[PDB]
Structure formats: structure tokens, C-alpha cells
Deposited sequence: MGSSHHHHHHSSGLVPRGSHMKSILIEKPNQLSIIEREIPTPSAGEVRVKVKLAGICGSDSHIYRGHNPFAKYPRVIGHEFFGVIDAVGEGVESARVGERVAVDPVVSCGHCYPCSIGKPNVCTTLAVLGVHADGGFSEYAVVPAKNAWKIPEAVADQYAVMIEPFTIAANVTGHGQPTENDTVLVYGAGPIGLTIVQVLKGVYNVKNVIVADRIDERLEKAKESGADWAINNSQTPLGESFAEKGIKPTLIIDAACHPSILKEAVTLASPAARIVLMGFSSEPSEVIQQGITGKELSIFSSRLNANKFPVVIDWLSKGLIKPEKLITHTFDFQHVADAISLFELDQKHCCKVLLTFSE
């Protein structure tokens, strides 16, 4: 009982399950014995080396505090916790205005520092959020994805009367549909994608209109119904999208970007300022764990709709493969411990 297994990305396309000493938490830290972890695009991108090595990945994880560091209440041992991967300094400009997600010395667990694809992880005490007993383990592991939705909608401020367009019906887009419908009671949620199976999944998650734009552009589809969205959320993120969103938008609308493309987006300010559009962006989460846990308590969102597969962590390579290849029928994939 002195060592543990961790999934390590040594370099692009080298993933090993290595054995490590069980870590001790320092002051202000806790150790989590991990139960579940989720697979996200960022895990794939690090594995396939699209961007520091070696790195244990995984920023979506849930488990039980088995030990606490100095200055942490030992009563916390035994708590069921989901971990916010955003590690912030708490004193820089972004931190001072409640934006730890863009902290000047931001570290994301499973990205810039070792994360949750590991039998034990040491994390800041304040980042480990207690999950109510009524909230199932599998829903808890999904908190981090839903905090992305919470952060995005927090910028957009959806109203019940908004006409909302969401580009993309992957995992991310779907959590957003769920928050729009179940938390904000938006009456008209429109979702766009090119894959019919994902559009069906969007409907199942509460979309009012699932529109395929692989052949007919949204402009034609919308012109026909007289639709001009008042809130547009880009959960697809190809850089050409922003320019179309601007055209589609109602005057006075707002747009939320989620994409990190290093490729240029071309826009014409005449089209933006002429409609006095607002363009927000969203990165990670600004302390959204409490509110999402609240939503889970109230049954406002439905993670079971999005979880499609579960692999033991030893099969992580298989899990990631499936996640990469299977656009239909695969949504969110979990690793067990």
C-alpha cells in the first residue's frame, strides 16, 4: 500500500500506465482516491501531442478524500468529491474579479499539472467539492463538463423568451442544451450539426429544433421560418462560424465563443456594430462547481443522457480510441477505478 498506477503521456502517442509512489498532500491540499474520470477532447489532444511532458491527463474526475494536508480539517477524510481542475493563485487581476479560469498563473489539472487519470491525485483542498449523497457517482464525474455549460450560459444570460442557436451537438453542445432547457427554461432552443445521430441526441436532451446544416446553410433554413437568434453559442468552433453567426443574429443579440482556433476568423465590423452585437468568450469555469452541484441536486440536468461507455482505466487506450473514432453513438466515455 505504498504505490499506485497512473496513466502517463510520455510524449505524443506514447501512453504508459506507470507505477508511482502514493503522493502526500502538502498544506492546503487533499488526496483523492479516484473512482471515476471522464475523457475529454483535451485529453485526446495531449495524447496525440497537438500542443509539457510527461503528463498524467484527466481534468474530469471524482472520488473520495482519503487524506488531508496540513491546515485542512481531518473531518474531510471520507468525503465524496468532484474536483475543479482550475488551479488559481487567488490574488492576480483575473482572480480578483472572480475569473480564476484565466488566472495569470493558471494551472489546469490533467493539462499543465498531473491530473485524475490516476488511482490517487493530490489537489487543492478548496478544489475538492463535496457531493450530496443523493447525487450519483456517474453524475458527479460529469460536473466539470456541465461547468463549461454553466460558464457559457453565465456569459449569455439566457432568458425564457430567447431564441437560442447552439452550433454543435457533441458532448459540449449537449450539456449546453440541457442547461438552456432545464435551468433557464428557454422556450426555443435550436441546435445545428451535420450528423443526424447527434441531432437526435440533441432532441433527446431537449432541443426544440435540431437542424442539419451539412447541405442547406442555416441562413436558408432560418429565412424560411423567419428565425433570427437572440443568443448564439458556438460549441463547434471552426473559425468560420463567427462570421455566419454575426449574419444570422438578431440586432442586439449576443454570441458566446468557445473555440481556441489558431486560424484566423474573418469578421466585418459593419455587421457587428450595426447590430450592436456582443461577443463573449468562455474558458473553463469561473468557480461553477457549487451551482452545478445545485442543479444536480434539483434534477435540472441529466448526465445519464450523455454517458455512453465505461471502461476500466487499464483500457484507457481503447477508451480514447473509441472516443476519437465514433461520432455517432459515442458521446461521453468514463474510466473506472
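Exercise for the section: No C-alpha coordinates anywhere in a stretch? Then put that deposited-sequence range on the list, in order along the chain. Expected result: Model skips 1-17, 69-71, 358-359 of the deposited chain.
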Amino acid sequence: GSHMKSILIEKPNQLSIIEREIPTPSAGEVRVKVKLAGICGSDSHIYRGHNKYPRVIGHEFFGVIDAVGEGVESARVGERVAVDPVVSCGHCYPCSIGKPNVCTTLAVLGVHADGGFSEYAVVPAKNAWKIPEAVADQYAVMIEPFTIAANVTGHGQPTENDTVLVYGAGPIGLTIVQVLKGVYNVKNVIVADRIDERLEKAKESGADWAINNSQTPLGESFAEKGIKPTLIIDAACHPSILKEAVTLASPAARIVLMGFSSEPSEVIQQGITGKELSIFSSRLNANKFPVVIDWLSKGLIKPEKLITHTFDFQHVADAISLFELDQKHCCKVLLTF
From here on, numbers count along this sequence of modelled residues.
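Handout entry: Entry-level comparison of average CA B-factors, 118-126 and 249-257, reporting the higher stretch
Key = That would be 118-126.
Exercise for the section: Name the higher of the two by mean Cα B-factor in the PDB entry, 71-79 versus 211-219. Expected result: Averaged over C-alpha atoms, the B-factors run higher in 71-79.
Problem - Peak C-alpha temperature factor (PDB record), options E60, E29, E304, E276 - result: Of the options given, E304 has the highest CA B-factor in the PDB entry.
Problem - Selection from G98, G173, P85, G226 [criterion: highest C-alpha temperature factor in the record] - result: Within the set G98, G173, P85, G226, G226 shows the top C-alpha B-factor.
Practice task
For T104, return the chain-relative third of its C-alpha B-factor as stated in the PDB record: lowest, middle or highest.
Solution key: Middle third by C-alpha B-factor.
Exercise for the section: Taking the values exactly as deposited, rank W295 by C-alpha B-factor within its chain and report the matching third: lowest, middle or highest. Expected result: CA B-factor rank for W295: middle third.
Practice task
Could you tell me which third, lowest, middle or highest, the C-alpha B-factor of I268 occupies within its chain?
Solution key: Its C-alpha B-factor belongs to the lowest third of this chain's values.
Exercise for the section: Could you look up the Cα B-factor of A286 in the entry and say which third of the chain it sits in: lowest, middle or highest? Expected result: Lowest third of the chain for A286's C-alpha B-factor.
Handout entry: Ranked C-alpha temperature factor of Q178 among modelled chain residues, by third
Key = It belongs to the lowest third of the chain when residues are ordered by C-alpha B-factor.
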